[PDB]
Amino acid sequence: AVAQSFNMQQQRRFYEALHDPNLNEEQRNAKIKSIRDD
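Residues numbered from 1 in each chain as written, not as in the entry; some residues may be left out. Heavy atoms only, no water.

The deposited coordinates derive from solution NMR.

So, in structure tokens, the structure goes:
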């Protein structure tokens, strides 16, 4: 594919970051970015 590293595994931490309001904007976007990069 375009790359596809561990994105599928990370999908749960990705979902967590996106949905979870307790994790603030900075935390969320940092996780999202790192996951998309990996």
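Now that the structure has been shown, the text picks up again.
The next subject is the side chain of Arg28. Note on placement: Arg28 falls in helix α2 (residues 25–37). One buried charged residue, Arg28, remains without a salt bridge, the closest side chain of opposite sign being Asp20 at 5.8 Å. From its side chain, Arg28 meets the backbone oxygen of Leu23 in a polar contact 2.9 Å long. Each residue touching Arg28, except ones within four places of it in the same chain, is listed here: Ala17, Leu18, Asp20, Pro21 and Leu23. (Helix = DSSP H or I, 4+ residues; strand = E, 2+ residues; numbered from the N terminus. Buried < 20%, exposed > 50% of the residue type's maximum accessible area, 1.4 Å probe, protein only. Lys, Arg positive; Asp, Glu negative; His and termini not counted. Salt bridge = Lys/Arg side-chain N within 4 Å of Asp/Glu carboxyl O. Polar contact = N/O pair within 3.5 Å; in protein donor to acceptor, adjacent residues only side chain to side chain. Contact = heavy atoms within 4.5 Å.)

Before going further, it helps to examine the pattern of salt bridges. Here the structure, examined in full by the defined rule, presents one salt bridge. Among the salt bridges present, the one from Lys31 reaches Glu16, with a minimum N-O distance of 3.2 Å. Of this pair, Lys31 sits in helix α2 while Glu16 sits in helix α1 (residues 7–19); the two residues are 15 residues apart in sequence, bridging distant segments of the chain. What makes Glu16 partly exposed here is its relative accessible area of 42%.

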